[PDB]
Amino acid sequence: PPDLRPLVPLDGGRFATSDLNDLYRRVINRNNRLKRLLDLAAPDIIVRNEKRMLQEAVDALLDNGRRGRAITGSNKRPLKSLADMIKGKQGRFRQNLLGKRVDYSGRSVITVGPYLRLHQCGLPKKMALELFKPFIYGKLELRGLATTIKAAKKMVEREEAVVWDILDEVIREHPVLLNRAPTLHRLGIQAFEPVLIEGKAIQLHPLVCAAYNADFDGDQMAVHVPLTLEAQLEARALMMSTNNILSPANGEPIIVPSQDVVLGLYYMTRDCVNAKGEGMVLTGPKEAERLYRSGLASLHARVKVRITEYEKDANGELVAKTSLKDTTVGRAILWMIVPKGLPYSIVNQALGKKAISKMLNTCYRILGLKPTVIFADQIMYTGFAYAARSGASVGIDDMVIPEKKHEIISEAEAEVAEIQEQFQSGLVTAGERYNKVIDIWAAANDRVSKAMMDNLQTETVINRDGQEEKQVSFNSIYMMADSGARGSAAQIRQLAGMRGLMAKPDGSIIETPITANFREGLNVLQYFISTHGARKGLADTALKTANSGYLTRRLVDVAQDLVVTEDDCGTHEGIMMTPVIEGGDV
Amino acid sequence: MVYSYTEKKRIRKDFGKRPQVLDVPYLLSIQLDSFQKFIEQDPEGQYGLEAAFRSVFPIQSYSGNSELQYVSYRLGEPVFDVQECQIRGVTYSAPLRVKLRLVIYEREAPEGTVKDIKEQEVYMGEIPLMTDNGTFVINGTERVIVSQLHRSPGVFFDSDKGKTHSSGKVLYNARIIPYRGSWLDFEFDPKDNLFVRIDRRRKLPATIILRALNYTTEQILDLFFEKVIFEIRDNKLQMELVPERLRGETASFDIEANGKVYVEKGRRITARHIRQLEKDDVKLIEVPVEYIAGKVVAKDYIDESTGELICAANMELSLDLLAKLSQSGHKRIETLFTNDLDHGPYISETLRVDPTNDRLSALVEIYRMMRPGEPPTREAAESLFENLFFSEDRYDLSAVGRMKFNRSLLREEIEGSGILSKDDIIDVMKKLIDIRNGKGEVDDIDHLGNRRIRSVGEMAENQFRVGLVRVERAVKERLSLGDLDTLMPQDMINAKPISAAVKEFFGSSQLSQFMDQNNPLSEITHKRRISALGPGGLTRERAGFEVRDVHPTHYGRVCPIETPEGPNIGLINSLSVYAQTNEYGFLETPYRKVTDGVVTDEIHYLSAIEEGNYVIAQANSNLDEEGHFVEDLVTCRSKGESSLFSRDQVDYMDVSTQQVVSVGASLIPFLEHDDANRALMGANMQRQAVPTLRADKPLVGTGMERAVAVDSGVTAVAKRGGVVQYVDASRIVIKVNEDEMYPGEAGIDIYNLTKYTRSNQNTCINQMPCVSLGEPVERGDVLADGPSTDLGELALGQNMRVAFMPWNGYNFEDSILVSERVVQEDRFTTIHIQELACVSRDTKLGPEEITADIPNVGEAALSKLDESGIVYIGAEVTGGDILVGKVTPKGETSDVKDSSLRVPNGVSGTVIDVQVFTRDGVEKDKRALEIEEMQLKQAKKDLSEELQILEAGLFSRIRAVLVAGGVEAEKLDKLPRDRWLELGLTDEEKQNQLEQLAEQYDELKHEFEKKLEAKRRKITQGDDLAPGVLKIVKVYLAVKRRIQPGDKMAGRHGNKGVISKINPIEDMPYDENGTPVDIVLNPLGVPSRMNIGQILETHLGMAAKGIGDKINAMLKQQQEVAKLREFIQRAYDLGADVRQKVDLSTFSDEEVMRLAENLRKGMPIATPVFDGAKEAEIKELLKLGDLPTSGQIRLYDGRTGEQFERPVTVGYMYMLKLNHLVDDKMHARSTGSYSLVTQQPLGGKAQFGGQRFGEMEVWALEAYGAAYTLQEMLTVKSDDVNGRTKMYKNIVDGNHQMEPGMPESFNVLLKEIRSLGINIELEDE
Amino acid sequence: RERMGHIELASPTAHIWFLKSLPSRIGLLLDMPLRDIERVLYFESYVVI
DNA sequence: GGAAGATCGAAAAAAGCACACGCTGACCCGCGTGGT
DNA sequence: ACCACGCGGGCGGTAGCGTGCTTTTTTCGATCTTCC
RNA sequence: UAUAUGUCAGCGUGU
Ligand SMILES: [Mg+2]
């Protein structure tokens, strides 16, 4: 039909060229020439050539490049035949049927909203005004501010005061679907309650970022507006952020503090052996908060406070127990946001990432879902606030280099020089000499890392009653490493110890390791050596995406039609599961 | 040392310790020098257009007793200047006129001489000319042709790593790759058979190509094998023995000679027995007949008595065969020395498998392999074989190809014929066989010594040669059949193919691309780029892993960290700072020669191949002022590996510490403290920073900013020294010194700065003067600052007071907290210029007129339009406003439809420029006349300034002449100067001198009038456009984009983020002095992403700002210049044995005051890429000011006023604003336009469109229940038109219910399938 | 968007989808090689009905 | 002991190569040939 | 005698579409070997 | 909601 192969108007009298129209014109011309040749009783050669050329034209129309060279148009390129526009990634099946562009949708960059709740997101006023235009029109017509659709359009274009109130009314409980561009798994699109904000960037809850695999480095997100009541109810009940708390892949939780909440809770829940207002007795957590805010006590002061903890009996009733507990001011303050059903043992320790995750798991197991959500929101708020209050910072003096690094390096160099002398003497051949050199350098790196960790973990010494005492260090780098916020043993080792051995692009280990810290200066040779591994990793990451996407598409296709359609087969068959062991490990 | 005038204004403090021995070369030379090898006249050719002309010409006429020859070529002067071509949109190009000579010889005489010669000069198209900045001007746009990293022509020996055979056996192959011709391949079969392939076709036995070379079987065995002679004498079966031939083989019989049993049967021959054999020098060893049966005869043996051959060449011997040959009367036989490992019988097996037996059979087989359809013919096969590899026109191994071919085969000569030869193929086969045996090793494909760089000149020459052969075919066709009596050389050729080919190459190519204009660094990086893609190169999808790796040969030639991140990683690289190309195109790097343990200052440029032989010491090698390394063991690199070496074994040393990084990577301070991935991210992100309206120098730099700014053409560099005669915001006039004045010259240089010109990335290009009136200048001194430049130094971002601390989760992952003071000061505000074009064409019904009268528009809309129908300059137009009024004739069936250009929805700005291009023959409107008038006014102003200075000089001369005789100087000033000319003196030589001066003045006036007339003619010349279009009107809109949440900012150390909140000033943390911080950054990014360089830069910037604050405080107290001199000298003298020495004693008091005024905002510090400041130096600089050495101060919370419990790292960091603006990234649509075929919402933000709900989102919805949501996304919101209407009506009516309906995409698919012979339908049963 | 049309070919023409989509339906049903099909179809040789 | 079925290996062909977004360039034309 | 439809559109060359991807399917030519 | 007229290539950005 002509409308499926339209002639798109252009500037002036020009018209857009369509490959199908050219193919049809060529076929028609060939057919007409063949008809006029047959009517004129042309010789056999001419009619045979005309028939062959008509067959070739029909073949090109049906499938251009299937046989021979594809017919090219005015653009020096093969034309798009009927088969070319139905198959492939750009065909109708994969471009306009399985996926398609939708209305009531927008796209914008994402910033961080710390004040938002787990079920809320920040939507700019302009985006919400554009997306919810028909709802605003309907509400304006119902309330009588406008009499026709044109009047409502003019009023929303002029952005009158009543328009903002209408927009606030229509988005009270209307969920919006936020989705990131790579939708790897189910949690890539989630429903949130919109909150009107200024600015031009969508505000996203931090706790869901790990679910979205999204960072605030320039990432963008798309928003969709459900229309019918059924879609809104599915968004509220199935795709809401609060409903998605466990990963469908393995059942692990997906809402965990990542960077600043963990650091804040770790700093707040810590003890100093000699701090301000140590050893005093407090009536409760409220007194501890009052003392900390008034400046009369420190957040790490070891005190005794009266804690009332509620526990669930067999019948499920909450029974209170009040007792004096030896704790810190920060732990007592944090106890305020803990719900009643939880015990005090969760907060009476240095709260790292694992500790916070375990406390959230216990809260979910004991109480339920809504108390868990409220607890998570309160945890995020408290962590952010006390991380801001702490004022932790990283400086060039925080990466302490051990004084024994030079001695260890010199000993390793002496050992490898002795090995080289032995090789020159001829007692040891190249392969075993290389192996011994690698082993010596690995041992030296391990010794340097151990010495640096020993120096860093307990560097701080505190004078208690005139006596020196060793305590866990308050170094910012060490605090970040220990709390689990960011960084690991390997990265801290690279920062404060030697970088260790490096590998060639083929995989062979280089004899001379990088004995320079990141705090110190890496010379040209060491940087060039590290660039091999850096480029190898970056190239692997760049090339992995296409293979991963193809595999995911194939798996989705092969398992697209499998759904649960029954309750019980009654089958007595099954598979026998045993622990997996291969000669040393379970 | 001494400092230039522009450098003395603000001297950057340099912390570099290692003295520099070689200055940084010109960055764009690689782009320029190559073009200098393409258009320059070459007396011996081998380069440029001369090489192509000599390769094509002379041209025969199929033995037509006539030809045409090429004499010389000349490039004419371009019609328009570079600025003129940019303004008018034409291509900056120059004509090429070639001298041709058609010679016709006498007929009927094969040896007859010339009967006629016709010489002429013919124009053969216009070729583009590269500007002074290494860029081309094509269609008014600046394009850059990046260099291509490809595989050098020659022979390469490789082998699969035991993969295809699936048995661990390596199949060696050798590939001959010509510049032009057919690729040749030799491969080893798993059964140890040599096969030959041409153009990757079906394999054939290798001996076929030898037979086709007129080689007999005996000759082949002689060439590829060693002969062992067996001679029967006195019934003992003796043979000539070479001891080495019996190494590693078990003795089947007893080896006894001269009565001594050397070896007995059953025991393998040992090396000691071989040594004893050569001690006794035995040549005849008794051999039993059983040993013969395992030998292959070498040459044919034919019985003389019977006349028939007993045995041919190359087959296994047998007992009957040896008996027959023994009884035939032959006493001598020759066999092939075949060993199990040293000398395999590959050639013999290949001959056995070879079906051909003669040269003609081999030629027939080759022809039937190449062209199976055509039956073989003797002449056809001969011609095909000759044209395959032995034809100059068809096959051409380049000079570099021949050099590599000879080098790989260990040939002393490096020159030879382009075509192949029998000796070359024989040597290649022998080397491949030796490699298979074990001698030698395969080549490295990714080795930088086997990879060539093709620049603009080489590709341009290749395209010109292609066009030359294209026109030569037609020239031959026309000349052979036409009449030779009246054949002018001009009409025989056609410039159309040459022009089309050159335009196709320069305009539409994979390597000729739009030049990035985000910043000068972007242009520098783009010009110095090497891409492995393009024609005759790798592809993005099929690149692989090995190509993208960092080869050890990349040291000093290719930057390891500067490369795009994404699909094209490792395929696009940046040239190193000191890297340069050889004569053959291979990359080479400088080194300093070490002789007798001292490091000399002589510089040798070593290539990748030749640098492996020597031992190159590391750049970071400590010297003792005597050129001797202090350490006994120096870490050097000998053969692609780093190891310790004795101090006397070194041969070369690195010229500089920046030799390993590129220009972009060398601009990052403290790069050695940053991770390689983070350094790569920072280097990539640096060239994406949009310029700001105010340029701010980097407080912490590397000292390479000056070179980058000067080398790029953004800034205005004085051509000659002098004084600033006239300064202005738009132009500068410099009165040059008399030393540099040319004879008969006015003596003024005029620089016209570009003011608010749209760039290729819709950014603002603005030049601001940096000199004052009367200020002396010198050659090479910057007169105006281009975009992102500050006093001749590159300035990408701004210095922000940053504090590293978490702040209420507003910098949670990567977010950035920005104070309101940054917004108020307009520091990060950018200017974006967008061009909108409206063209009036000539339709079939009628032309399109651009008039101010438009139907169905109100008077308010036409208020902004002028009488000519074009928007006024300076008018502020919002979205939907009308800019240019145009009417298009309606159908035949008012009669005019509105096709006026309108501002796109959501786009605002101020009209700053309107450009009208009118085709010749079309009457110009008022706006075009006004533009031409203003251009003529500017040209007349310049010419009038020149005429005024020249006339003043001439009038001074005439006054001096007249005063000598007249002596009326007291009254001469009373009358005006013109009346001096009409005054006459008494009759002597003075009157003649006055007449000569008057006629010179008249001639000067006439010449200036002629120049003005020529400029007016050039200005008023009609513009050339595409056929069918009459007029073009372009309107430029300028928008000031301010910073806001969602905008993407970054640093130089790979740290990036988006603004999360614009907090009020009072909420920012403040120090004891109450100064708030500007930016708050999350410390959590530092540990995981290992970039301590940003922390060190923060500390150094804090120290620099402390020094600047001290200088400002001393300036505000009106202190004497002595205190300022002492303090600045103390600041500059800080450090440990730094190479930079600044003596303020030589500086004048005014110069010291100017330097202090420049430094009052902070002292710039130069930190080299690998020779930067140490921690101790930073602490000393911090102690110089009143700042703590720890780098952390005490901060108070703005909101609560409570001191933070721990010190926080505060300082000054250079932050950049990337070209990712949130307001340019928004989009929102409820309902809009729909597509035609699919009836789906459109795509993109320029046209109102919706987001794409792709396959992954559909799968995610299917993972949930989401049935109704998916149905409404697939039908109601996208395709179902009735569903769309009903849903909209229901929502307006307050009912949230939908009707699914039938999507139109499925109907379109059904019709598409039905268009074929396949019937598809829906069944209602 | 729905109404279609037809073109009356002067001579019969083979369908490529049933021609060069392996296995060749014409060749498989006629039990004779695909190259023979291509040769007889594109007017280069004769075949006996 | 020779025709026919089974096997091996090289060659030719076909199909595949993640998602989202942004920008620019082209959407004539040149021979040729009968109609006039 | 000049000109407007028209049509197919490939460069280069005694044609054939190749030079740095991987996997699967089909086809044919050479070799073997089974057996009546 | 139906508005004024969108299709192909090449290049680039973020996962
Ligand atoms: Mg990101």
# chains A, B, ... in the order shown; residues from 1 in each chain; ligands from 1
>>> interface_residues(of="chain C", to="chain A", cutoff="12 Å", atoms="only C-alpha atoms", output="PyMOL selection string")
chain C and resi 1-22+38-46
>>> write_last_selection(atoms="N, CA and C atoms", output="PDB file, in the first residue's frame")
ATOM      1  N   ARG C   1      -3.724   2.713   3.688  1.00  0.00           N
ATOM      2  CA  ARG C   1      -2.802   1.866   4.433  1.00  0.00           C
ATOM      3  C   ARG C   1      -3.113   0.383   4.298  1.00  0.00           C
ATOM      4  N   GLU C   2      -4.283   0.026   3.778  1.00  0.00           N
ATOM      5  CA  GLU C   2      -4.712  -1.365   3.710  1.00  0.00           C
ATOM      6  C   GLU C   2      -4.866  -1.885   2.291  1.00  0.00           C
ATOM      7  N   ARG C   3      -5.390  -1.074   1.377  1.00  0.00           N
ATOM      8  CA  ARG C   3      -5.622  -1.537   0.017  1.00  0.00           C
ATOM      9  C   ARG C   3      -4.303  -1.779  -0.703  1.00  0.00           C
ATOM     10  N   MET C   4      -4.224  -2.902  -1.407  1.00  0.00           N
ATOM     11  CA  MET C   4      -3.033  -3.305  -2.141  1.00  0.00           C
ATOM     12  C   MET C   4      -3.338  -3.344  -3.636  1.00  0.00           C
ATOM     13  N   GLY C   5      -2.309  -3.669  -4.421  1.00  0.00           N
ATOM     14  CA  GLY C   5      -2.461  -3.806  -5.852  1.00  0.00           C
ATOM     15  C   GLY C   5      -1.614  -4.955  -6.361  1.00  0.00           C
ATOM     16  N   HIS C   6      -1.785  -5.262  -7.643  1.00  0.00           N
ATOM     17  CA  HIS C   6      -1.080  -6.372  -8.261  1.00  0.00           C
ATOM     18  C   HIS C   6      -0.510  -5.953  -9.607  1.00  0.00           C
ATOM     19  N   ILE C   7       0.573  -6.620  -9.996  1.00  0.00           N
ATOM     20  CA  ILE C   7       1.219  -6.423 -11.287  1.00  0.00           C
ATOM     21  C   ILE C   7       1.204  -7.752 -12.024  1.00  0.00           C
ATOM     22  N   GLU C   8       0.693  -7.743 -13.253  1.00  0.00           N
ATOM     23  CA  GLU C   8       0.605  -8.950 -14.070  1.00  0.00           C
ATOM     24  C   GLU C   8       1.916  -9.106 -14.830  1.00  0.00           C
ATOM     25  N   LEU C   9       2.746 -10.045 -14.386  1.00  0.00           N
ATOM     26  CA  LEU C   9       4.028 -10.276 -15.035  1.00  0.00           C
ATOM     27  C   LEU C   9       3.825 -10.875 -16.422  1.00  0.00           C
ATOM     28  N   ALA C  10       4.601 -10.379 -17.389  1.00  0.00           N
ATOM     29  CA  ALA C  10       4.528 -10.917 -18.743  1.00  0.00           C
ATOM     30  C   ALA C  10       4.988 -12.367 -18.784  1.00  0.00           C
ATOM     31  N   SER C  11       6.024 -12.699 -18.022  1.00  0.00           N
ATOM     32  CA  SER C  11       6.544 -14.052 -17.937  1.00  0.00           C
ATOM     33  C   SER C  11       6.661 -14.462 -16.478  1.00  0.00           C
ATOM     34  N   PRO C  12       6.565 -15.760 -16.187  1.00  0.00           N
ATOM     35  CA  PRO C  12       6.694 -16.211 -14.797  1.00  0.00           C
ATOM     36  C   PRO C  12       8.072 -15.901 -14.235  1.00  0.00           C
ATOM     37  N   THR C  13       8.115 -15.660 -12.928  1.00  0.00           N
ATOM     38  CA  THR C  13       9.349 -15.355 -12.222  1.00  0.00           C
ATOM     39  C   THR C  13       9.413 -16.169 -10.938  1.00  0.00           C
ATOM     40  N   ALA C  14      10.577 -16.750 -10.671  1.00  0.00           N
ATOM     41  CA  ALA C  14      10.760 -17.564  -9.480  1.00  0.00           C
ATOM     42  C   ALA C  14      10.867 -16.689  -8.237  1.00  0.00           C
ATOM     43  N   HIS C  15      10.438 -17.243  -7.107  1.00  0.00           N
ATOM     44  CA  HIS C  15      10.524 -16.560  -5.825  1.00  0.00           C
ATOM     45  C   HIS C  15      11.871 -16.863  -5.182  1.00  0.00           C
ATOM     46  N   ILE C  16      12.602 -15.807  -4.816  1.00  0.00           N
ATOM     47  CA  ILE C  16      13.959 -15.983  -4.309  1.00  0.00           C
ATOM     48  C   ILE C  16      13.957 -16.679  -2.952  1.00  0.00           C
ATOM     49  N   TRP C  17      12.952 -16.412  -2.112  1.00  0.00           N
ATOM     50  CA  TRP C  17      12.919 -17.018  -0.784  1.00  0.00           C
ATOM     51  C   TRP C  17      12.796 -18.534  -0.861  1.00  0.00           C
ATOM     52  N   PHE C  18      12.115 -19.047  -1.880  1.00  0.00           N
ATOM     53  CA  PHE C  18      12.061 -20.477  -2.135  1.00  0.00           C
ATOM     54  C   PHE C  18      13.140 -20.929  -3.107  1.00  0.00           C
ATOM     55  N   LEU C  19      14.123 -20.072  -3.383  1.00  0.00           N
ATOM     56  CA  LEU C  19      15.154 -20.347  -4.372  1.00  0.00           C
ATOM     57  C   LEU C  19      16.534 -20.502  -3.745  1.00  0.00           C
ATOM     58  N   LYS C  20      16.999 -19.499  -2.998  1.00  0.00           N
ATOM     59  CA  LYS C  20      18.364 -19.482  -2.485  1.00  0.00           C
ATOM     60  C   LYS C  20      18.419 -19.553  -0.964  1.00  0.00           C
ATOM     61  N   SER C  21      17.315 -19.909  -0.315  1.00  0.00           N
ATOM     62  CA  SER C  21      17.287 -20.114   1.131  1.00  0.00           C
ATOM     63  C   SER C  21      17.519 -21.599   1.382  1.00  0.00           C
ATOM     64  N   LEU C  22      18.729 -21.940   1.808  1.00  0.00           N
ATOM     65  CA  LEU C  22      19.101 -23.342   1.963  1.00  0.00           C
ATOM     66  C   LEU C  22      18.273 -23.994   3.065  1.00  0.00           C
ATOM     67  N   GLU C  38      19.632 -22.440 -10.994  1.00  0.00           N
ATOM     68  CA  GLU C  38      20.049 -21.065 -11.245  1.00  0.00           C
ATOM     69  C   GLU C  38      20.400 -20.850 -12.711  1.00  0.00           C
ATOM     70  N   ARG C  39      21.047 -21.835 -13.337  1.00  0.00           N
ATOM     71  CA  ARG C  39      21.426 -21.704 -14.738  1.00  0.00           C
ATOM     72  C   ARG C  39      20.199 -21.670 -15.640  1.00  0.00           C
ATOM     73  N   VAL C  40      19.244 -22.575 -15.413  1.00  0.00           N
ATOM     74  CA  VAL C  40      18.058 -22.598 -16.262  1.00  0.00           C
ATOM     75  C   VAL C  40      17.159 -21.398 -15.980  1.00  0.00           C
ATOM     76  N   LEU C  41      17.170 -20.887 -14.746  1.00  0.00           N
ATOM     77  CA  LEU C  41      16.276 -19.788 -14.393  1.00  0.00           C
ATOM     78  C   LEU C  41      16.746 -18.470 -14.994  1.00  0.00           C
ATOM     79  N   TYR C  42      18.050 -18.207 -14.955  1.00  0.00           N
ATOM     80  CA  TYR C  42      18.596 -16.939 -15.415  1.00  0.00           C
ATOM     81  C   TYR C  42      18.965 -16.959 -16.892  1.00  0.00           C
ATOM     82  N   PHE C  43      18.344 -17.847 -17.672  1.00  0.00           N
ATOM     83  CA  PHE C  43      18.433 -17.853 -19.130  1.00  0.00           C
ATOM     84  C   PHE C  43      19.884 -17.987 -19.602  1.00  0.00           C
ATOM     85  N   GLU C  44      20.455 -19.148 -19.287  1.00  0.00           N
ATOM     86  CA  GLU C  44      21.753 -19.537 -19.822  1.00  0.00           C
ATOM     87  C   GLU C  44      21.782 -20.942 -20.404  1.00  0.00           C
ATOM     88  N   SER C  45      20.758 -21.763 -20.176  1.00  0.00           N
ATOM     89  CA  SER C  45      20.735 -23.126 -20.685  1.00  0.00           C
ATOM     90  C   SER C  45      19.285 -23.576 -20.827  1.00  0.00           C
ATOM     91  N   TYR C  46      19.107 -24.797 -21.327  1.00  0.00           N
ATOM     92  CA  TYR C  46      17.796 -25.373 -21.578  1.00  0.00           C
ATOM     93  C   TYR C  46      17.557 -26.563 -20.660  1.00  0.00           C
TER      94      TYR C  46
END
>>> interface_residues(of="chain E", to="chain B", cutoff="7 Å", atoms="only C-alpha atoms (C1' of nucleotides)", output="list in words")
residues 18, 19, 20 and 21 of chain E
>>> select_by_dssp(residues="segment 878-980 of chain B", states="alpha helix (DSSP H)", output="PyMOL selection string")
chain B and resi 926-965+969-972+978-980
>>> atom_distance(atom1="atom CA of residue 86 of chain A", atom2="atom CA of residue 1279 of chain B")
17.7 Å
>>> closest_residue(among="C:49, C:24, C:29, C:37", to="chain E", atoms="only C-alpha atoms (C1' of nucleotides)")
C:24
>>> residues_around(residues="residue 32 of chain D", least_positions_apart="4", cutoff="12 Å", atoms="only C-alpha atoms (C1' of nucleotides)", output="JSON list (two decimals) with N, CA, C and O atoms (P, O5', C5', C4', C3', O3' and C1' of nucleotides), in the first residue's frame")
[["chain", "number", "residue", "atom", "x", "y", "z"],
["E", 3, "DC", "P", 17.45, 24.52, -26.87],
["E", 3, "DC", "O5'", 16.83, 23.06, -27.03],
["E", 3, "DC", "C5'", 15.42, 22.87, -26.91],
["E", 3, "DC", "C4'", 15.11, 21.66, -26.04],
["E", 3, "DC", "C3'", 15.81, 21.65, -24.68],
["E", 3, "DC", "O3'", 14.93, 21.12, -23.70],
["E", 3, "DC", "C1'", 16.33, 19.68, -25.83],
["E", 4, "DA", "P", 14.21, 22.10, -22.65],
["E", 4, "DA", "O5'", 13.05, 21.20, -22.02],
["E", 4, "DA", "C5'", 12.04, 20.64, -22.86],
["E", 4, "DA", "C4'", 11.90, 19.14, -22.64],
["E", 4, "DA", "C3'", 11.96, 18.69, -21.18],
["E", 4, "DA", "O3'", 11.09, 17.58, -20.98],
["E", 4, "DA", "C1'", 13.66, 17.63, -22.38],
["E", 5, "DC", "P", 10.68, 17.11, -19.50],
["E", 5, "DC", "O5'", 10.63, 15.51, -19.60],
["E", 5, "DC", "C5'", 9.63, 14.88, -20.40],
["E", 5, "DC", "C4'", 10.11, 13.53, -20.92],
["E", 5, "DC", "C3'", 10.20, 12.42, -19.88],
["E", 5, "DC", "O3'", 9.93, 11.18, -20.51],
["E", 5, "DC", "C1'", 12.34, 12.81, -20.77],
["E", 6, "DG", "P", 9.56, 9.88, -19.65],
["E", 6, "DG", "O5'", 10.41, 8.72, -20.35],
["E", 6, "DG", "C5'", 11.68, 9.03, -20.92],
["E", 6, "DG", "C4'", 12.77, 8.20, -20.27],
["E", 6, "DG", "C3'", 12.50, 7.82, -18.82],
["E", 6, "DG", "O3'", 13.18, 6.61, -18.51],
["E", 6, "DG", "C1'", 14.42, 9.09, -18.89],
["E", 7, "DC", "P", 12.53, 5.18, -18.82],
["E", 7, "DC", "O5'", 13.79, 4.21, -18.87],
["E", 7, "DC", "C5'", 15.06, 4.72, -19.28],
["E", 7, "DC", "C4'", 16.11, 4.49, -18.20],
["E", 7, "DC", "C3'", 15.57, 3.91, -16.90],
["E", 7, "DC", "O3'", 16.53, 3.03, -16.34],
["E", 7, "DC", "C1'", 16.66, 5.91, -16.44]]
>>> interface_residues(of="chain D", to="chain B", cutoff="8 Å", atoms="only C-alpha atoms (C1' of nucleotides)", output="ChimeraX atom specification")
/D:11,17,19
>>> residues_near_ligand(ligand="ligand 1", cutoff="12 Å", atoms="only C-alpha atoms (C1' of nucleotides) and all ligand atoms", output="VMD selection string")
(chain A and resid 109 to 111 180 to 182 209 212 to 221) or (chain B and resid 813 to 815 1048 1055 to 1058) or (chain F and resid 13 to 15)
